[PDB]
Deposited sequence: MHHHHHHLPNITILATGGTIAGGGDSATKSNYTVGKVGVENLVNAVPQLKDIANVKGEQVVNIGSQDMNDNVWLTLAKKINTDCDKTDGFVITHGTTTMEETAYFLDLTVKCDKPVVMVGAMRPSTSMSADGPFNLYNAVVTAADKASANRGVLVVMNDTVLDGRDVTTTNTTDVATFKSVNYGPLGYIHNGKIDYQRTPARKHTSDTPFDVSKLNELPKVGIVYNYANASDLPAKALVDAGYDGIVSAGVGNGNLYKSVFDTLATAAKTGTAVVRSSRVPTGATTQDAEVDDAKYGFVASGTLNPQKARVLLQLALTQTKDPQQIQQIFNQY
């Protein structure tokens, strides 16, 4: 019979070819779906922020019943953060698919048009429901939790570096062989429909001879939470460790992640988490650990509980 209705929510510039005119930039979209577009905000992905996240999640939650699936156009710099936020806060189990482009739309061999096409194909496929928020880039379907950018410029940068992709797309057909095991979307307790702001969580970097001043500035300003981008398996330079130990004793939530791009920051391996009240991020990298910590702090300030959240989501 008929084609699904897919809504395209844009957050920034056009990635192909005016969100209302996408069907004229990529006319092949008409054969896959009845497409409607809305510009929700217009900003550079590098300036992505908590208000945009709250706005997007509310919009998807409210409009879930009116459409068969969503495609979100988003810049590549912070795609991985936005995707995990929505993966935790969207209560709609219809396909929510994010997509961007590594090359500008006017450039030779621009990747955006085919990325957009494939994203609409993903959002229109019934098998894509109930898998969480998805990122479609370079002929691959990736889950919002594991997905990250691995290269500054490559069209193939987006990968799920720990657990792999969910599926591959070839000629408008998707071979799914995986689905994420951690809880997402409608299975999480996080509800943002009444929040107009989120807890303050910052990130500090570790390295040889690291200054403690970044950590001290965040504590002095009353941050709710601090993520450490540790060295190796979440290790801290001594002055950073002293400042964070004190902070965690006096009510700051402290998550140990790693600057190292793959693998888990594991619980009491290098550092005695139970003694200091620290939380280990597992496979969440620093920027994703921030997202989960922010949301955890809307429900609890207890480190043992926060740790359990980091083991479930």
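Provide the list of deposited-sequence positions lacking C-alpha coordinates, grouped into contiguous ranges. Several regions go unmodelled: 1-5, 23-37.
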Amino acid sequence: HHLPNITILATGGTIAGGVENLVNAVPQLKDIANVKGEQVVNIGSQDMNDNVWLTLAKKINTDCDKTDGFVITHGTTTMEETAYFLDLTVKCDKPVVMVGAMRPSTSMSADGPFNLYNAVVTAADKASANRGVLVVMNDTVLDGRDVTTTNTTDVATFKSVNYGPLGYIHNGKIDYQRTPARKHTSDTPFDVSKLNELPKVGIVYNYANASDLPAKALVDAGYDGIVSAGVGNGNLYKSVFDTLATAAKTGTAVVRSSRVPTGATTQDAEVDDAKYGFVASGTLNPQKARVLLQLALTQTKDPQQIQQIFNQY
From here on, numbers count along this sequence of modelled residues.
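Mean Cα B factor from the PDB record: higher for 75-83, or higher for 218-226? 218-226 has the higher mean C-alpha B-factor.
So 115-123 or 101-109, which one's hotter by mean CA B-factor in the entry? Going by the record's values, the stretch with the higher mean is 101-109.
Per the PDB entry, maximal CA B factor within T62, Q287, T265, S45: Going by the entry's C-alpha B-factors, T62 comes out highest.
Which one, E197, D143, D154, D139, has the peak C-alpha temperature factor per the PDB entry? Among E197, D143, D154, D139, the PDB entry lists the largest C-alpha B-factor for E197.
Among modelled residues of the same chain, the CA temperature factor third for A10: Middle third, going by the recorded CA B-factors of the chain.
Considering only modelled residues of the same chain, in which third does the CA B-factor of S128 rank: lowest, middle or highest? According to the entry, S128 has a C-alpha B-factor in the chain's middle third.
Report the third (lowest, middle or highest) to which the CA temperature factor of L236 belongs, ranking only the modelled residues of the same chain. It falls in the middle third of the chain.
Quick check for you: using the entry's CA B-factors within this chain, is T188 in the lowest, middle or highest third? Highest third - that is where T188 ends up once the chain's C-alpha B-factors are sorted.
Which third of the chain does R178 land in by C-alpha B-factor: lowest, middle or highest? Within its chain, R178 is a lowest-third residue by C-alpha B-factor, going by the deposited values.
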